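One letter stands for each residue in the lines below.
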Amino acid sequence: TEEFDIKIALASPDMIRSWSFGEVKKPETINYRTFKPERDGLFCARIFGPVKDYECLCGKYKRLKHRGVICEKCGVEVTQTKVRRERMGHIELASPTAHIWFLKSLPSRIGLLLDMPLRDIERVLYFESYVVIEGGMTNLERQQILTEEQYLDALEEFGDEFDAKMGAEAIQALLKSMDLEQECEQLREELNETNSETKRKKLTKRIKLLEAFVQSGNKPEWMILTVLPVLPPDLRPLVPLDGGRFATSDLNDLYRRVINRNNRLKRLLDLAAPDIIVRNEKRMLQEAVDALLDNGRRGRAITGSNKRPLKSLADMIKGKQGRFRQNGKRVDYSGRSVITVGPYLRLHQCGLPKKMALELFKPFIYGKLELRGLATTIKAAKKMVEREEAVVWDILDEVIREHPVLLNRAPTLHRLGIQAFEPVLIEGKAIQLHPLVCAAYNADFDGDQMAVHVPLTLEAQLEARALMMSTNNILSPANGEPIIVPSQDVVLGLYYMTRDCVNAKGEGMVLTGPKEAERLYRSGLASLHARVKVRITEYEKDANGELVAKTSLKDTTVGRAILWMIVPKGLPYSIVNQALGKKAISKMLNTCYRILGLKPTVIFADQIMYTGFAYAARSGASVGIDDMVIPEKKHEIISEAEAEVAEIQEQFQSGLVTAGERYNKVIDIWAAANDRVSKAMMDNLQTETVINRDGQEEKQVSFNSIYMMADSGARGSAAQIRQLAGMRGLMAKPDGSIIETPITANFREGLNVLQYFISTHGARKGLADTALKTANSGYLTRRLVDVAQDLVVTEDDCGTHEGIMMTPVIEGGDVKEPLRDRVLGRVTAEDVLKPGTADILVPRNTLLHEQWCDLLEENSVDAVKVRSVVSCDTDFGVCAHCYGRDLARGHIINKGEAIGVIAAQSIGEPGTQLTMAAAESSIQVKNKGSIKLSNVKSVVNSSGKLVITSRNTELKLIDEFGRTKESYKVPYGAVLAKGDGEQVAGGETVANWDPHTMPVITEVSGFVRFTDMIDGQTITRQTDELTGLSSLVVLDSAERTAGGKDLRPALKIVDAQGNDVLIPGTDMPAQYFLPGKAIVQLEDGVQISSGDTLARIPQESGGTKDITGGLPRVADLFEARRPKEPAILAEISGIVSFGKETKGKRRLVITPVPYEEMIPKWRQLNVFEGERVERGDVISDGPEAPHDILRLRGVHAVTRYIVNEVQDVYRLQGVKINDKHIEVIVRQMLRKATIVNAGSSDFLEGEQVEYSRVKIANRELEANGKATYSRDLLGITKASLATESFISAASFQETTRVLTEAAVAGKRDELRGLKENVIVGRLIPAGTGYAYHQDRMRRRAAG
Amino acid sequence: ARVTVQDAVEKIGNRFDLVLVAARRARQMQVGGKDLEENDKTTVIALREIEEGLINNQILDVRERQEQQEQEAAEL
Amino acid sequence: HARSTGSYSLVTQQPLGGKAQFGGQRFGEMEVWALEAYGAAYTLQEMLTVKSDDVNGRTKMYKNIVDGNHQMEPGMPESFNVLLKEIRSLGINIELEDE
Amino acid sequence: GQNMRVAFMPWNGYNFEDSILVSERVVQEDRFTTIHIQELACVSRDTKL
Amino acid sequence: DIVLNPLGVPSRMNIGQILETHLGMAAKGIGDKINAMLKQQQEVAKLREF
DNA sequence: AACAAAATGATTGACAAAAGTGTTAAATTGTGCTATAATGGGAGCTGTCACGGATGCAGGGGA
DNA sequence: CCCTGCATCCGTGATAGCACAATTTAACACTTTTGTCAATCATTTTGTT
Ligand SMILES: [Mg+2]
Ligand SMILES: [Zn+2]
Ligand SMILES: [Zn+2]
């Protein structure tokens, strides 16, 4: 068959008559006596080919010499019976019928084309009211709706020159008669005539469809059916079940009902029925045809002989969470079985039973048993594989020589769920599996099954060996850190071997190398960890790939020496001279990879496993019941807190205290007593043993068998050892409010009935979320991998200098992520230099691998500008330089890789598992650095206090190298200690505010005059003497009263003279608006000075359990949703002002050196009357929407926001993800642009930047300038429906709405994509198949 | 035998064309056009040639255009 | 379980099991993003063309395997031609521009 | 079920994950052996030939 | 007769199986105490008192 | 040492029961007819909730 | 006088007779097709003259 490269459009009644090979004019299906298909029926034989391979129906032409002769009795043609599977018929409707998809889908194409409301067309399809057609010279325009009674007088008056039809045939005379060009030429005016936004918004919506119906070449009346096509009889079969009963589809009930109501409608018209009956047949026919195509948009015509609704045609295509085609493919040559351990393996093999190796590899065996000459034919060989003779095991062992098989677990989260392995035949029925590999699959060996596939061809075994082998995947792709970490039990063997006692057998002696220690411990003389002195010769590669031995006299034990006999050459000895827990072993493998490559790191990750398994058995690390030790003072620490809780009950019962402080004063004695019973426990395990040296006594770290499992990191934490010995914490009641009485019993002691019942809700709630965090996370990683589906590295370099600034994110008093973790493996957008300039240490753009990353820490570089994929210049893809390095490998990214899919999984591999005093008055710095503020308008007052002016004042703790380490902020009532540049000791209060006092600082002293703060107007008048006490709470415009809303409270403070004392820094006088929750104690009548409060602003901010985030925060942050309360912004930089108020919402204006922007009424604004702001600065306070950051502050301002707000949910839970994987998804979220100016486009349509950037590269490159745009940002659910393919958007989203709109506009597919290429069944354009697609695109445009 | 193709990726530094250079060469052993073997299959022999430097994408083309000059001889 | 070749379904021609050799494993849409994450485009082109669905390309892969010649001539699956006849059985016309 | 002498210890990695390691005097004594009794039916239909 | 793993007790906190394992060995200590007294066929008075 | 000498499948038809191409029987099938009195009526569920988009009333505001 | 705001409503994810009248499947006969079969025609020495 010829190569195909796919279209879609409406179909005319004269094309549907071309697919069909005959008309279907009877509803009968089969014969009921003999089962030969009756004639003219649905399952006909003259129409849809013959039933038996090469034979007529009667039996005259049975032979094969007759290969095309159609019979003369019944005109069946003697061909193969697979032709019963590609042919179609057609029913000839006796009256038209509106195709439901193009009538009832939400924007009705029949509707917005004719310009008639959908409620008024549904009234005409049901014969409920006429509609005028070509009114002519009368008082009736073209689309009036004459009701059933109005029409009577109309025909009484005019008999001709007036035509009003009714039903489905009237909607055809409206569509068929309308002129598309006289409609579109005219509406070019009306879009420019009307001066209105919503008027000229829907007007262009109808002027675009009219311009998409004349360009594609479809008439409009093709949306009204005239002949219906029927499916081939073998895609809707009537196969006979075994036993005498037939098992039909349910498309034979909906086709046998369209042919009855259509055959009765022909009898009723040649019989001349009254019109009241043939209206109940037209409206009854077209209800059966609209249940065929899409069943459910009506009464839901339930099946017969049952009670469940039938399955229409649009329900087979419509998604089951997957397309009908390949997005599901069950597969041959496969098996599945239980997995077990098998720790004797290498890293690149796996067990495989002889009972699955002989059935997976069957046809490979019939090739050897005939090539080797044992069997004669292929049927005679089919018996030898049944009897299992002694030779087939000799041929099965030879077929499995170098043939890798693909093991794959059930819920494949990331790309390491499918790996290849070289099989080795074992006996049994369980697939063995190497221990280091199960941590990647995430598999326990307690009933987990694992399917095993088989790559057949020759280019599919060189891929299961070079690409998907098990020794090629040692670094995970989410972050470069290793994924072959020795997991749980081989790390308790390494730990036990490399510890040290204080007096064991063979202590203080001197050895002569690792071959002398292993020969000394196995002989029974020296204990495995006794402090010895040996001689070890370690190498080191310092020259151009050489090693130089270096003998020394190390101080170690017999344990660390026996383990030195495993480590490869180029490693130091201080790598094994620790106590070697679990983090130190995955760092021993991370260094062994960078220094020696992959050959020694695969042959060393095994020997570390054979030594951890072997020396862990010699432990016998068995956990008894003397292990988990209850502390001596678990009773007095609880009784003390048991009486101390009565002294807060006795006070309350006598009414001294309320209920609110009664609770929190009891929850803080238990939760602080729970810590003293735990902290008194780990001080009993950790220092358990007290051994004797040669003389006196001494203590050490314990060998308690339940503490070693928690200290090595083998299994468990330290927050779980406190439930076996300590106290069992506080347990939260069902709604979330914490229980007052805590379970004070461990698991080494029992739990009574009343405590074990309370601890059940904490368990039943955990199992109800772990089943929901998966079904909710398997839907976030499916929308991500459908927007980033078609991104592919397709070039080596683009040449753009635009990157993003990479600095370490510093969270208040501590830095969260160093600069090495953020820039490691990324090209440099420009050359960086030392603290002294013109000292360019890193050259032009180079991959910042380890050496350039340590060289940046060797110096004191503070920031680099690296190139990100969000700003690359290539069309349809990203360059290999913009992306970066990080991979399972370490080199730069290879051209042809598919970076769109491996970035949607590393974001979706987590989330399945992680679904979720504090005074702070004085700014406490943990370090000693100079204070250096920037971007602030505030100077010191009289008493030595810089007046707080706004929320623009942050604290930068400049280090000793010209960098920063801390970031802070400045609130109202901000007291200060130092200036700028004056050093401060660690933890000195430089700028402070009270928790329950955020008072109104006094900027300038002077009078207080009453402007909108007289009694009654904005604040009532309350009494007190001159001490300055009151509770005068000045309410804001959202805490404002009902009637008094034409005033906004403020104190236009005048100086001692009464004039306007202006705050130096602007032109406004001192009018310090009393901030949120203000208590103006200083009534009019008190004259104060600087520093004295104008209103007390408390703040509770308690508990900290009033926050949002988790998994719902990461799906909503990607959808780009408006967060219910936008923080408005200043669009254009200028000066501020107000306007007329009390329009329901206030208003505002900004003046550039006319712009208007209105505001709500509740908004406690953050600007004065006169103010000078910059483009894209806050005006109010609230969560800034994601779009507002894009339109105003730029594009790099939205990428630095989407990244840090999503990394802030992962790093809170201990998940590692390199943030290249959150920019190759943001890059696919803002690939649509809307046009402003034009000269080549239509000046108002929403095009793709892939296209709006080729014109301007084409026009502006020529001798004409002749457009300008503005990036859009739409979530990953609306950013995938709007692709340029329609098989990549129909396979995922709502399918009815995408084939409907793609059909009207007559779209086309290059496919040019992965999800649209896997469906047709060809080589994807990314990976090994990328070479062939470039070789095929250049076969077009050549020859 | 083979455990890692890290040697082969050194000569051909892509890993997406080493799978295409070795599938083309390994066909030739499989269909007996040619015999340059320690009881190995035809896909581990094709990787022990690339590992040694006797095969790449140019040595396969020029050895094919030297086939036509051979076929041109018998073409007469 | 184990299966090399057996009974194929009725409307879509993919494997299922009622004859002591049950259906093949399921190659979900999750196990296809793990073969596109690599560059495995020749393992993916056969895992859904020749091993499951293509009617006249999965028998040639059975005679090429017994004949010692590992190579496939894929074609186009049948699960897709059952999608061109159901999108055509609405009014919608859909075809393949041949070039 | 039966009750058999269990010992808690890591033994050369044949009980690495939750997996278990069973001696061979538990297979000689035949104490975990179960009996299973299936039913196969062979109906004789009446075809049309 | 069976060798379990001890690293499953600290993480999953089922400490029932570590006390049922000691009250198992205890109950089978009076097993091999009646199996020896009753094997030499000592007396029904030396057995009745144990 | 040649041609006695006698078959032995070729070579000829004859014979055979084997085998498709038409004439009536019996069971299958489709169409019509059937005047005492009949009259708007048939009819399943209900404990998901989420966001986002048109549609229509209402205020709210510029001429 | 004019464009412009809060609330529903909708789709989309997670009870016969007969007496007709016409139609069919099948049961019993044909002649070409192909076999099994020998009394001369053809291509094969057993061992005489
Ligand atoms: Mg499991
Ligand atoms: Zn026929
Ligand atoms: Zn680039």
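Positions along each chain are numbered from 1 by the written sequence. They may not match the entry numbering, and residues without coordinates are not shown. Whichever chain is written first becomes A and whichever ligand is written first becomes 1, with later ones labelled in order. Values throughout refer to the chains shown here, themselves only part of a larger assembly. Here the side-chain values reflect all heavy atoms present in the structure, with hydrogen atoms and water set aside. Residues with missing side-chain atoms are left out of burial classes, side-chain pairs and their counts.

The title given for this PDB entry is "Cryo-EM structure of an Escherichia coli RNAP-promoter open complex (RPo)".

**Q** I'd like a rundown of the overall build of chain B, residues and numbers included.
**A** The secondary structure listing takes helices from DSSP runs of H or I that are at least 4 residues long and strands from runs of E that are at least 2 residues long, numbered from the N terminus. Within chain B, the regular secondary structure consists of 4 helices and 0 strands. Secondary structure elements of chain B, listed N to C terminal, follow the sequence α-α-α-α. Principal-axis analysis of the C-alpha atoms places the extent of chain B at approximately 50 × 25 × 15 Å. Out of the 76 residues belonging to chain B, those deemed buried represent 36%. With residues, only the protein chains shown are counted as cover, and all accessible areas are computed by Shrake-Rupley using a 1.4 Å probe. For chain B, the computed accessible surface area is about 4800 Å², with 42% contributed by carbon and sulfur atoms. Under this rule, positive means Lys or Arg and negative means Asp or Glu; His and the chain ends count for nothing. Just so you know, the charge point we use is NZ for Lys, CZ for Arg, CG for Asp and CD for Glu. Side-chain charges in chain B split into 11 positive and 16 negative, and the spacing between the mean points of these groups amounts to 4 Å. Exposure categories follow from relative accessible area, calculated using a 1.4 Å probe and restricted to protein chains: below 20% of the type maximum is buried, above 50% is exposed, and the middle band is partly exposed.

**Q** So what's going on with the overall build of chain A? Which residues, and what values?
**A** Each helix and strand in chain A was counted, giving 44 helices and 35 strands. If you line up chain A on its principal axes, its C-alpha atoms span 115 × 110 × 80 Å.

**Q** Help me get a handle on the coordination of the magnesium ion (ligand 1), residues and values and all.
**A** Residue and element names in this part refer to chain A. Sodium, potassium and calcium take a 3.2 Å donor cutoff, other metals 2.8 Å, and in both cases only N, O and S atoms count; water is not among them, so sites may look incomplete. For the magnesium ion (ligand 1), the full set of protein donor atoms is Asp444 (OD), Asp446 (OD) and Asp448 (OD), and the range of their distances to it is 2.0 to 2.6 Å. Counting residues between consecutive donors of the magnesium ion (ligand 1) along the chain gives the motif D-x1-D-x1-D. Since its relative accessible area comes to 27%, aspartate 444 is described here as partly exposed. Classification of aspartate 448 as buried rests on a relative accessible area of 16%.

**Q** Requested: an account of a nonpolar patch on the surface, with residues and values cited.
**A** All names here are of chain E. Each patch is assembled from residues with relative accessible area greater than 30% and no salt bridge, linking like charges that lie within 9 Å and nonpolar side chains (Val, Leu, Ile, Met, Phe, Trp, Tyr) that lie within 5 Å. Counted as salt bridges are all cases of a side-chain nitrogen of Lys or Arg within 4 Å of a carboxyl oxygen of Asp or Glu. A contiguous nonpolar patch, built from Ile30, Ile34, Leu38 and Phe50 and spanning about 370 Å² of accessible area, is present on the exposed surface. Tracing the chain through its elements places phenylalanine 50 in the segment after α4 (44–49). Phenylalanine 50 gets classed as partly exposed once you look at its relative accessible area, which sits at 45%.

**Q** How would you summarise the sheet that holds strand β33 (residues 1232–1237) of chain A if you had to cite specific residues and measurements?
**A** Residue and element names in this part refer to chain A. The sheet built from 3 strands is open, its strands ordered β34-β33-β35 with antiparallel pairing. Two strands lie at the open edges of the sheet, namely β34 (1246–1248) and β35 (1268–1271), each paired on one side alone. The sheet shows a mean angle of 45° between the axes of neighbouring strands, taken without regard to direction. Where β33 meets β35, 4 bridges bridge the pair, whose relative direction is antiparallel. Bridge assignment links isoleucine 1235 to a residue of β35, and that residue is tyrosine 1269. The pairing criterion is simple: DSSP has to find at least two bridges between the two strands. Axis lines are fitted through C-alpha atoms, for helices just across the contact stretch, and the angle between N-to-C directions can take any value from 0 to 180 degrees.

**Q** Lay out the protein's contact with DNA strand G in plain terms, naming residues and giving numbers.
**A** Residue and element names in this part refer to chain A. The full set of residues close to DNA strand G is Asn195, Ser196, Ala775, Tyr779, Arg782 and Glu1294. Throughout, the term near means that a residue has one or more heavy atoms lying within 4 Å of the molecule or strand in question. Sugar and phosphate atoms form 100% of the subset of DNA strand G atoms that lie within 4 Å of the protein. Here a polar contact is taken to be a pair of N or O atoms separated by no more than 3.5 Å, where protein atoms must pair a possible hydrogen donor with a possible acceptor and residues adjacent in sequence count only if both atoms sit in side chains. A distance of 3.4 Å separates a phosphate oxygen of DNA strand G from a polar atom in the side chain of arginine 782. Throughout this entry, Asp, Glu, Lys and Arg are counted as charged residues, while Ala, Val, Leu, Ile, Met, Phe, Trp, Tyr, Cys and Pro are counted as nonpolar. The remaining residues, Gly among them, count as polar. Of the residues belonging to the surface near DNA strand G, the class tally is 2 nonpolar, 2 polar and 2 charged.

**Q** Residues and numbers for the protein's contact with DNA strand F, please.
**A** Residues and elements named next belong to chain A. All residues adjacent to DNA strand F are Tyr32, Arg1121, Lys1140, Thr1142 and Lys1143. At a separation of 3.3 Å, a phosphate oxygen of DNA strand F approaches a polar side-chain atom of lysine 1140. Along the lines of polarity and charge, the residues of the surface near DNA strand F split into 1 nonpolar, 1 polar and 3 charged.

**Q** An account of the side chain of A:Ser1037 is needed here, citing residue identities and associated values.
**A** Residues and elements named next belong to chain A. In this fold, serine 1037 is placed in the loop between β27 (1033–1034) and β28 (1052–1053). Using a relative accessible area of 14% as the deciding quantity, one classes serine 1037 as buried. Separated by 3.0 Å, the side chains of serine 1037 and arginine 1048 make a polar contact. There is a polar contact of 2.3 Å between the side chain of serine 1037 and the backbone oxygen of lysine 1161. For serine 1037, the residues in contact, after removing those within four places along its chain, are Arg1048, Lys1161 and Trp1162. Note on contacts: a residue pair qualifies if any of its non-hydrogen atoms lie within 4.5 Å across the two residues.

**Q** Go over the packing of aromatic side chains, please, and point to the residues and values.
**A** Residue and element names in this part refer to chain A. Only centres within 6.5 Å qualify two rings of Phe, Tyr or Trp (six-membered ring in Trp) as a pair; their planes then separate them into stacked at under 30 degrees, edge-to-face at over 60, and tilted for everything else. Within this structure, the stated rule accounts for 10 aromatic pairs over all chains. Geometrically, the ring pair formed by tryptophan 564 and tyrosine 573 is edge-to-face, given 5.4 Å between the ring centres and 75° between the ring planes. Here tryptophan 564 matches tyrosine 573 in class, with each residue buried. Aromatic rings pair up to connect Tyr130, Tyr151 and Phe162 into one cluster.

**Q** So what's going on with the interface of chain A and chain C? Residues and values would help.
**A** In this assembly, 96 residues from chain A lie in contact with 67 residues from chain C. For the side of chain A that touches chain C, the leading source of residues is helix α13 (residues 362–371) of chain A, giving 5 residues. Residue composition of the side of chain A that touches chain C, grouped by class: 55 nonpolar, 21 polar and 20 charged. Pairing geometry for strand β8 (residues 334–339) of chain A and strand β1 (residues 2–3) of chain C, over 2 bridges, is antiparallel. Among the inter-strand pairings, A:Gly335 is bridged to a residue of β1(C), identified as C:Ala2.

**Q** An account of the domain arrangement of chain A is requested, with residue identities and associated values reported.
**A** Under the domain assignment, chain A is made up of domain 1 (635–764) and domain 2 (922–992). Each domain's limits were defined by an automated method or a database of domain assignments. A straight line from the C-alpha centre of domain 1 of chain A to that of domain 2 of chain A covers 41 Å.

**Q** Could you give an account of the side chain of A:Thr412, naming the residues involved and the relevant values?
**A** Of note, A:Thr412 is situated in the loop between β10 (405–408) and β11 (418–426). Note on A:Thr412: relative accessible area 3%, which makes it buried. Side-chain polar atoms of A:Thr412 contact the side chain of A:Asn408, separated by 2.7 Å. For A:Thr412, the residues in contact, after removing those within four places along its chain, are A:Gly417, C:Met30, C:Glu31 and C:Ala34.

**Q** Which residues make up the nonpolar core, and what values go with them?
**A** In these notes, a set of buried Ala, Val, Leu, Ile, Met, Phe, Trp, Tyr and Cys residues joined through side-chain atoms within 4.5 Å is what counts as a nonpolar core. Ranked by size, the top nonpolar core spans 109 residues in total, and within it A:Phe361, A:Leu369, A:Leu407 and A:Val452 carry the most contacts. One finds A:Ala170, A:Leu254, A:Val289 and C:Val82 within the second-largest nonpolar core, a separate group that totals 78 residues.

**Q** Talk me through the state of the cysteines; I want residue IDs and the actual numbers.
**A** Disulfides are defined as pairs of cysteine sulfur atoms found within 2.5 Å of each other. The final tally for this structure, using the stated rule, is 0 disulfides over all chains. Counting only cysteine sulfurs, A:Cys56 is the nearest neighbor of A:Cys74, a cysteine outside any disulfide, at a range of 3.9 Å.

**Q** Account for helix α10 (residues 279–293) of chain A, with residues named and values stated.
**A** Residue and element names in this part refer to chain A. Here a helix's expected span is defined as the number of its residues, less one, multiplied by 1.5 Å. Relative to the 21 Å expected for 15 residues at 1.5 Å per residue, α10 spans 22 Å between its end C-alpha atoms, a close match to the ideal helical length. Among the residues of α10, those classed as buried are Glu281, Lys282, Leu285, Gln286, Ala288, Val289, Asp290, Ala291, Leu292 and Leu293. Contact partners of the buried residues in α10: β3 (88–98), α4 (118–125), β6 (224–228), α9 (252–270) and α11 (314–317).

**Q** Before we move on, can you summarise the coordination of the zinc ion (ligand 3) with the specific residues and values?
**A** Residues and elements named next belong to chain A. Only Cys798 (SG), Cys872 (SG), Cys879 (SG) and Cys882 (SG) from the protein coordinate the zinc ion (ligand 3), and they sit 2.4 Å from it. With 4 donor atoms in place around the zinc ion (ligand 3) and angles of 92 to 132° between them, the coordination shape is tetrahedral. Linear spacing of the donor residues for the zinc ion (ligand 3) on their chain is C-x73-C-x6-C-x2-C. By the burial criterion, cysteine 879 is buried, and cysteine 882 matches it. Metal sites are grouped by the angles between bound donors: all angles between 85 and 135 degrees with four donors is tetrahedral, opposite donors over 155 degrees apart with the others between 65 and 115 is square planar for four donors and octahedral for six, and any other pattern is irregular.

**Q** Got a sec to walk through the sheet that holds β6(A)? Specific residues and values, please.
**A** All names here are of chain A. Strand order in the open sheet made by the 3 strands is β2-β3-β6, with mixed pairing throughout. What marks the edges here is a single partner per strand, and that holds for β2 (20–23) and β6. With direction set aside, neighbouring strand axes in the sheet form an average angle of 50°.

**Q** So, the pattern of salt bridges: which residues are in play, and what are the values?
**A** Applying the stated criterion across every chain yields a total of 71 salt bridges over all chains. Its salt-bridge partner being A:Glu1125, residue A:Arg1163 comes within 2.8 Å of it at the nearest N-O pair. Between E:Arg12 and D:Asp18 there is a salt bridge; the shortest N-O distance is 2.9 Å. Of this pair, E:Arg12 sits in the loop between β1 (2–4) and α1 (16–19) while D:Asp18 sits in the loop between β1 (6–8) and β2 (21–22), which puts the two residues in different chains.

**Q** So what's going on with the pairing of strand β14 (residues 531–534) of chain A? Which residues, and what values?
**A** Residues and elements named next belong to chain A. Burial along β14 is one-sided: the face carrying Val532 and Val534 is buried and the face carrying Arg531 and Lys533 is not. Across 4 bridges, β14 lies against strand β17 (residues 554–557) in antiparallel orientation. Paired with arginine 531 across the two strands is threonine 557, which belongs to β17.

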